[PDB]
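Each remark here refers to the structure printed beneath this line.
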Amino acid sequence: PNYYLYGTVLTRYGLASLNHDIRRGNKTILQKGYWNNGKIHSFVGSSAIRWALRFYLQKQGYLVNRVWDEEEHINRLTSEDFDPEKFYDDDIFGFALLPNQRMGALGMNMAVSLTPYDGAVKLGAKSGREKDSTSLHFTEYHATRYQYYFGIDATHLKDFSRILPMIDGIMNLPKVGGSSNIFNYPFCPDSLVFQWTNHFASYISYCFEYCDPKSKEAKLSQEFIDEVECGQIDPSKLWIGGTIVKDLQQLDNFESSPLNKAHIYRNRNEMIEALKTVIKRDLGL
Amino acid sequence: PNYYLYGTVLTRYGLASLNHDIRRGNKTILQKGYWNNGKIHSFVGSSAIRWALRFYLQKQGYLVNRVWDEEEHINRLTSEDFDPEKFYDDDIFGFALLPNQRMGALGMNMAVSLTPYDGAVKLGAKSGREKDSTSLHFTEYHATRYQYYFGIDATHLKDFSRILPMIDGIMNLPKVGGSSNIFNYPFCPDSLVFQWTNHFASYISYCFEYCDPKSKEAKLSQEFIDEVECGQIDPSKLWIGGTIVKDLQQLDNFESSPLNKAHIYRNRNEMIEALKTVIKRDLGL
Amino acid sequence: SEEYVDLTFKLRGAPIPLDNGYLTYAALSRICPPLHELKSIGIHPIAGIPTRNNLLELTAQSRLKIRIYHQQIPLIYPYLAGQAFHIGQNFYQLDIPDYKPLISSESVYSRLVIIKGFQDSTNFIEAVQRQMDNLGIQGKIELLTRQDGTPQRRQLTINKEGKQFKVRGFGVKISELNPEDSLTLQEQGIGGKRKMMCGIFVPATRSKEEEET
Amino acid sequence: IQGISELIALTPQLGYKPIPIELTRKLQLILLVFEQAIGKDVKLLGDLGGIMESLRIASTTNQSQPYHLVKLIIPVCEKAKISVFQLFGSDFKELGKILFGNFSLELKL
Amino acid sequence: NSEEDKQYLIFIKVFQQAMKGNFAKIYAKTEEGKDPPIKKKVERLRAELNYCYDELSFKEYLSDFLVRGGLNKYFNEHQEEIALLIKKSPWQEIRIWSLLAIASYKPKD
Amino acid sequence: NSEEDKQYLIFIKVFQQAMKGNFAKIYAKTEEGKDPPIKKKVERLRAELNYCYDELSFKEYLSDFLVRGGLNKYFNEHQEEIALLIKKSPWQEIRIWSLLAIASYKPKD
Numbered sequence: 012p013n014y015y016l017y018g019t020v021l022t023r024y025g026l027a028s029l030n031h032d033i034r035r036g037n038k039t040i041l042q043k044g045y046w047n048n049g050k051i052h053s054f055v056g057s058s059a060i061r062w063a064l065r066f067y068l069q070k071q072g073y074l075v076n077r078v079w080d081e082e083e084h085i086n087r088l089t090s091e092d093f094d095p096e097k098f099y100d101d102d103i104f105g106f107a108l109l133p134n135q136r137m138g139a140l141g142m143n144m145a146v147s148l149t150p151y152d153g154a155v156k157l158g159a160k161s162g163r164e165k166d167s168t169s170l171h172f173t174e175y176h177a178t179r180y181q182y183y184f185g186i187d188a189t190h191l192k193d194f195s196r197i198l199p200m201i202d203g204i205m206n207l208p209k210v211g212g213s214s215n216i217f218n219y220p221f222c223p224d225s226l227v228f229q230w231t232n233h234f235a236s237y238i239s240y241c242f243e244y245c246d247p248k249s250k251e252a253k254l255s256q257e258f259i260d261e262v263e264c265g266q267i268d269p270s271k272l273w274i275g276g277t278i279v280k281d282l283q284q285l286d287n288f289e290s291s292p293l294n295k296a297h298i299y300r301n302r303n304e305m306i307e308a309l310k311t312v313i314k315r316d317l318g319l
Numbered sequence: 012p013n014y015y016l017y018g019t020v021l022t023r024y025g026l027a028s029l030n031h032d033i034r035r036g037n038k039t040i041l042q043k044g045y046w047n048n049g050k051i052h053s054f055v056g057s058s059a060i061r062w063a064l065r066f067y068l069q070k071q072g073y074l075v076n077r078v079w080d081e082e083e084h085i086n087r088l089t090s091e092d093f094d095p096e097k098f099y100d101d102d103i104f105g106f107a108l109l133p134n135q136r137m138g139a140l141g142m143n144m145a146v147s148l149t150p151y152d153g154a155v156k157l158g159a160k161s162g163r164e165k166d167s168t169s170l171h172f173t174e175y176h177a178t179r180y181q182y183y184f185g186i187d188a189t190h191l192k193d194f195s196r197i198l199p200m201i202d203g204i205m206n207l208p209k210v211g212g213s214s215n216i217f218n219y220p221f222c223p224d225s226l227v228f229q230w231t232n233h234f235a236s237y238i239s240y241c242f243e244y245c246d247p248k249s250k251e252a253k254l255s256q257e258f259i260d261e262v263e264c265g266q267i268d269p270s271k272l273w274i275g276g277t278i279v280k281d282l283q284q285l286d287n288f289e290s291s292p293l294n295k296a297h298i299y300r301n302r303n304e305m306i307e308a309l310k311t312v313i314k315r316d317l318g319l
Numbered sequence: 008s009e010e011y012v013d014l015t016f017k018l019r020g021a022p023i024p025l026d027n028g029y030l031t032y033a034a035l036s037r038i039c040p041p042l043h044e045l046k047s048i049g050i051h052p053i054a055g056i057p058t059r060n061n062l063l064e065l066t067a068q069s070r071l072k073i074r075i076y077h078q079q080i081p082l083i084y085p086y087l088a089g090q091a092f093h094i095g096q097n098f099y100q101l102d103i104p105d106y107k108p109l110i111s112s113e114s115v116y117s118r119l120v121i122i123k124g125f126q127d128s129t130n131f132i133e134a135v136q137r138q139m140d141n142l143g144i145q146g147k148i149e150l151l152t153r154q155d156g157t158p159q160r161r162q163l164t165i166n167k168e169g170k171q172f173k174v175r176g177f178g179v180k181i182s183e184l185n186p187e188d189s190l191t192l193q194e195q196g197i198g199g200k201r202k203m204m205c206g207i208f209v210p211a212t213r214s215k216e217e218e219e220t
Numbered sequence: 221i222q223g224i225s226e227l228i229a230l231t232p233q234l235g236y237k238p239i240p241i242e243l244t245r246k247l248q249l250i251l252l253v254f255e256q257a258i259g260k261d262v263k264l265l266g267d268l269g270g271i272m273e274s275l276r277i278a279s280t281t282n283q284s285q286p287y288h289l290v291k292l293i294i295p296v297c298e299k300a301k302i303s304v305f306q307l308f309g310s311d312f313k314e315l316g317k318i319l320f321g322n323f324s325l326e327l328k329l
Numbered sequence: 391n392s393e394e395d396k397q398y399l400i401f402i403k404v405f406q407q408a409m410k411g412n413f414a415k416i417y418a419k420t421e422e423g424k425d426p427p428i429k430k431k432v433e434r435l436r437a438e439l440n441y442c443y444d445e446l447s448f449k450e451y452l453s454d455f456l457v458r459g460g461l462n463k464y465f466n467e468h469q470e471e472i473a474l475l476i477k478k479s480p481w482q483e484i485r486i487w488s489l490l491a492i493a494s495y496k497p498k499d
Numbered sequence: 391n392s393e394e395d396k397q398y399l400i401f402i403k404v405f406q407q408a409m410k411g412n413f414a415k416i417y418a419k420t421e422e423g424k425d426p427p428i429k430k431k432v433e434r435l436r437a438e439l440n441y442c443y444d445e446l447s448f449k450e451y452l453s454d455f456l457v458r459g460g461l462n463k464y465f466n467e468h469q470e471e472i473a474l475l476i477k478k479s480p481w482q483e484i485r486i487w488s489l490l491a492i493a494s495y496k497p498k499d
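Chains as they are written, first to last, in UniProt numbering: chain A, 12 to 109, 133 to 319; chain B, 12 to 109, 133 to 319; chain C, 8 to 220; chain D, 221 to 329; chain E, 391 to 499; chain F, 391 to 499.
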């Protein structure tokens, strides 16, 4: 059975200076674009999150082709030929030599800031050899929560058991970017929306949305609630949890709403354990 | 009697880099061109959607002449000589040898981006140091919801029963060819306008329209509503389902409008079931 | 968590007394006027290897760490980035600052807390509990003890004008906070003399560091 | 004359001995505001090129070196549409906000 | 003749002079027998010119390039014409002119 | 005679020298005993030249290819003439001239 695991995970509020752009003349501009309602939002490249997941995989055993030196900042290939059968990294993220050119199980989208990026430039003085000179430059920072979307083609994995470490890595994601992450911004999710279904159609891509930059409550989009209530997104296939569940449970008519029968847990680890039990049941692990 | 099912379908909002033209020197240029009101819109090739539907038919069992290896990234033919009678692929999509050459039951139009495409090119580095020719690479992306219209000649089908799996695939459309590793764009529909009639005259072409540039409203064109109201496009033959249903129901005097007499379902699966029941009635299945 | 930042400066120079609160505060205010009027600012104790004469020898890990709201950094960064100050006749230099987050931990600790008019340990525990409730915080209060087990008091010498005043305080360890309340504690703190280099709270390992020696 | 009068009248009101790098970094902030304004509007380069070069030189030479009052600071704050009183009196936040508003930038320090 | 082509040619000259200033700057930066990176600098300039996403992008870039070039005598004599030409005309056309200018600098030296 | 034809001939030479520069670049890039792709590169150039959809397209490509060529003396000698020829003239005739240059560089080697 072709099984897929899609999900939109949301991070905690904080300052972000993660994926700076070409840095036009002095400001390390934050990667921004257009989003809902035509207001500028800051983004985080999905490749950075994929690199963070790969680093997590390399940290805790999990034989991986690309080893991060952490000192010389050079990736070294354990084997020249890519072997997804043996390596977690090649099996999950794929590869391209330019051999086999693996398609890669995990798919990702860039993280979109919940609130629009308005201002918030910061003063950064870089040193200089010119008789101990300090030239002032600018650096953009954003105080928001990043949500991103990802999909796992569980059937595509060479070893079906390799899905389990991936969810752990998402839960225990390391520092994203590293040196340029000026303010240490955690990417461990604080609220999850997981759909473990068996058909290609996938909603809940960007269900999280609050807007109203004055606060950081990180509500749920009315579109997702409506889609759940209508009959689509089978509640037995829906896994929801985090601080958003605390807000959801307080809502009126929650017991009567079809959102109730969806798998819901206040604690995220309870989600992870129950969902992993479900996966091991469905994949014969 | 000849029967035709025409449909304008709108995808979900998100970040997409599905189609790329020529790769100038470092950017994978999103397939773009002029459209309504003379501003550049990004495009998604109809051939990519046809490939996605064929891959869907391959995945969920069924018989297909072209088999997608998913490991060698090569296409294999079950039989060198095509046979529309047996295989779903050759019957639905047609084939050219250069025999029979068929005509193809499914005819699709290229997918236009609801939102005008301005900028938003992605950066792309790599670990650090020892930088080679593949170290720096840009990538274009568009934050929009793609929309494409299609039409199928049911009578042209060698087996009339094959229409149902096609609609099922259009619902649960797999990944559409694009950089899904860093831009996972779900192509599952969120709004449908279907017309099941016995005439060649195919209205209800691109009708979904954007209320605000750089936004995700997706209201319905005034010309299409005026066409429905004026008398043409018989509401009894009109099949509307998706998120646009809520916007339609919030329109004033909707009950008095002829649109209310059309088959509308806020849930997509309910409308799909009703349409398939009607089709099975009209084809004697 | 990330809504508050701890500004860290690689500090080098002469060895410093271990009760150097007012000295470093006055030097910083001398080289940074806006520091003298801010409210939610506090300074972390300066680490190092102490000496026999109640002085601390600055090491590579010795650094000046300042707790500040992220919406007030541009008022302090110009006057400290690369800047140098004098404590008495000693020269001290600060490098380009780096930002460190406010991480939650299961248990916290403070080296020196002072609340006016509380010298005995029991009433000090009661007052720290009162400030503890005022912040909507839950936990248990313990006082760091010497090798003798006696609660350890630390003294701050404010050399205002010709005279100098004595203020005595205790080391307070609070555990079982829950991470949200833990963050609230580290950011608020207890004692108020955070400009006076006392009230900042730290994870509990530094409590063991101070209890060993 | 007004700039020099503001300079004389402001010194007793500071309440402290001015810090050289405070003034140097205020000048650098004005330079960054000028650069952002030029980035937004190309025409302003014609009006501000000489002062841009002068400020860049003053920020590349030793910071402890004094700056020529009438030759450099007064024209610089003049083109920035800022009084000498505002330049030497307001903190970095107020100075940055007023500069951004003056050149209609979207920055927020 | 054909005044708009005059503006185009003076824009070519302005860009060439600005890149002359940038080349002089980077020659000044390097020292000792290492070959100063110029062909690499030309490649970087081309790549940064190619990278743009309309209007603000590549316009802030052209303004910053003209600023880092230094003092442009042709720009000094032709402030209004150059500014008006930059503000108007499709940005792709200005990028094409800039690329021409790129390959047009060599007769200077 | 017929100075337009002179400009056309010098443009042919300019394009030839640019392709010479790109040939030198690809020859520098290749390593080991691998055959340097020249026929493949020429066919790729011709295919990209045929692929074009008016004005911005193929003119951006012409400018980018000339920049990739690097130092070109024939373009150095005559600035205004070639600049005006590139900015003016229908792009299809420029394509004709460039393709003729493709076939007329082979005299050089």
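Ideal Cβ positions, reconstructed from N, Cα and C, are used throughout, including at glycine.
Original post:
Between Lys271(A) and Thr231(A), is the Cβ-Cβ spacing less than 8 angstroms?
Top reply: The residue given as residue 271(A) occupies position 237 in the first sequence. The residue given as residue 231(A) occupies position 197 in the first sequence. The answer is yes: Cβ separation under 8 angstroms.
Subject >> Identity of the residue in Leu16(B), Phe228(B), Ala308(B) nearest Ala139(B) by Cα >> reply: In the second sequence, the residue the question calls residue 139(B) occupies position 105. The residue with the shortest Cα to Cα distance from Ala139(B) is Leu16(B).
**OP:** Report the three-state DSSP secondary structure of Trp46(A) (helix, strand or coil).
**Re:** For the purposes of this step, residue 46(A) is identified with residue 35 of the first sequence, where counting begins at 1. In this structure, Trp46(A) counts as coil in the three-state DSSP scheme.
Original post:
Just by C-beta distance, which residues in the region 24 to 43 of chain A are closer than 8 angstroms to chain E?
Top reply: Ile33, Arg35, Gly36
Original post:
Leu254(A) and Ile238(A): beta carbons closer than 8 angstroms?
Top reply: Taking the first sequence and counting its residues from 1, one reaches residue 254(A) at position 220. Taking the first sequence and counting its residues from 1, one reaches residue 238(A) at position 204. It is not a contact, given that the beta carbons lie outside the stated cut-off.
**OP:** Starting from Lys156(A), follow the beta strand (DSSP E) in both directions and report where the run begins and ends.
**Re:** The count along the first sequence starts at 1 and reaches residue 156(A) at position 122. Where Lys156(A) is concerned, the enclosing beta strand (DSSP E) stretches over 155 to 162.
**OP:** Could you check which residue in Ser447(E), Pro426(E), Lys410(E), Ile428(E) has the C-alpha nearest to that of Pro480(E)?
**Re:** The count along the fifth sequence starts at 1 and reaches residue 480(E) at position 90. That would be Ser447(E), whose Cα lies nearest to the Cα of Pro480(E).
Original post:
In whole angstroms, what separates the C-alpha of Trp46(A) from that of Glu251(A)?
Top reply: Here residue 46(A) is taken as the residue at index 35 of the first sequence, counted from 1. Here residue 251(A) is taken as the residue at index 217 of the first sequence, counted from 1. If you take the alpha carbons of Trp46(A) and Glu251(A), they lie about 19 angstroms apart.
Subject >> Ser453(E) in three-state terms, based on DSSP >> reply: The residue labelled residue 453(E) in the question sits at position 63 within the fifth sequence. Note: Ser453(E) maps to helix in three-state DSSP.
**OP:** Decide if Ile75(C) is buried, meaning its Cβ has at least 16 other Cβ atoms within 10 Å, or exposed.
**Re:** Taking the first residue of the third sequence as position 1, residue 75(C) is located at position 68. Per the 10 Å Cβ criterion, buried.
**OP:** Pull up the distance between the alpha-carbon of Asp152(A) and that of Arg179(A), whole angstroms please.
**Re:** Here residue 152(A) corresponds to residue number 118 of the first sequence, with the count starting at 1. Here residue 179(A) corresponds to residue number 145 of the first sequence, with the count starting at 1. Going by the C-alpha atoms only, they are around 14 angstroms apart.
Subject >> Cut-off 8 angstroms between Cβ atoms - residues of its own chain near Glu263(B), not counting five sequence neighbours on either side >> reply: The residue given as residue 263(B) occupies position 229 in the second sequence. If we look at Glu263(B) and ignore the five residues flanking it on each side, its Cβ neighbours are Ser291, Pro292, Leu293.
Subject >> Proximal chain E residues relative to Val457(F), where beta-carbon distance stays under 7 angstroms >> reply: Looking up residue 457(F) in the sixth sequence gives position 67. Residues of chain E passing the Cβ test: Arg436, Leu489, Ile492, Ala493.
**OP:** Starting from the Cα of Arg276(D), find the closest Cα among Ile224(D), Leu252(D), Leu315(D) and give me that residue.
**Re:** In the fourth sequence, residue 276(D) corresponds to position 56, counting from 1. Comparing Cα-Cα distances from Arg276(D) to each of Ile224(D), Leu252(D), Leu315(D), the minimum goes to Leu252(D).
Original post:
Which ranges does the alpha helix (DSSP H) cover as unbroken runs of at least 4 residues, wholly within the region 125 to 163 of chain C, from first to last along the chain?
Top reply: 128 to 141
**OP:** Specify the secondary structure class of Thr231(A) as computed by DSSP and reduced to three states.
**Re:** In the first sequence, counting from the first residue as 1, residue 231(A) sits at position 197. Of the three classes helix, strand and coil, the one that applies to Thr231(A) here is strand, per DSSP.
Original post:
Excluding five sequence neighbours on each side, which residues of the same chain lie with their C-beta closer than 8 angstroms to the C-beta of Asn462(E)?
Top reply: Position 72 of the fifth sequence, counted from the start, is the residue given in the question as residue 462(E). Result list for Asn462(E): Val404, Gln407, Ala408, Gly411, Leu456, in chain order.
Original post:
Span of the beta strand (DSSP E) holding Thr173(B)?
Top reply: For the purposes of this step, residue 173(B) is taken as residue 139 along the second sequence, with counting starting at 1. Note, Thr173(B): beta strand (DSSP E), 172 to 174.
**OP:** Quick one: grab the DSSP three-state call for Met142(A).
**Re:** As a first step, residue 142(A) is located in the first sequence; it is residue number 108 there, counting from the start. It is a strand residue.
Subject >> Terminal residues of the alpha helix (DSSP H) in which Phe93(A) lies >> reply: Position 82 of the first sequence holds residue 93(A). Neither: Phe93(A) is in no alpha helix (DSSP H) and is coded neither H nor E.
Subject >> Proximal residues of chain A, C-beta to C-beta of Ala308(B) below 9 angstroms >> reply: The count along the second sequence starts at 1 and reaches residue 308(B) at position 274. What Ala308(B) touches in chain A: nothing, since even the nearest Cβ is about 13 angstroms away.
Subject >> Proximal residues to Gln71(B) (C-beta, below 7 angstroms), its chain only, five neighbours per side dropped >> reply: In the second sequence, counting from the first residue as 1, residue 71(B) sits at position 60. Same-chain partners within the cutoff: there are none.
Original post:
From this set, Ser69(C), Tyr86(C), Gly198(C), which residue's C-alpha is nearest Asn141(C)'s C-alpha?
Top reply: For the purposes of this step, residue 141(C) is identified with residue 134 of the third sequence, where counting begins at 1. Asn141(C) has its Cα closest to that of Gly198(C), out of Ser69(C), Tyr86(C), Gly198(C).
Original post:
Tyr443(E) CB to nearest chain B CB: under 8 angstroms?
Top reply: Here the question's residue 443(E) lines up with position 53 in the fifth sequence. Yes - at least one Cβ of chain B is within 8 angstroms of the one on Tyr443(E).
Original post:
Which chain C residues are close to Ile216(A), counting only those with a beta carbon under 9 angstroms from its beta carbon?
Top reply: Within the first sequence, numbered from 1, the residue matching residue 216(A) stands at position 182. Simply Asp105, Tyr106.
**OP:** With a cut-off of 8 angstroms on the beta carbons, I'd call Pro223(A) and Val55(A) a contact; round off their distance for me.
**Re:** Here residue 223(A) refers to the residue found at position 189 of the first sequence. Here residue 55(A) refers to the residue found at position 44 of the first sequence. Not confirmed; about 13 angstroms, so no contact.
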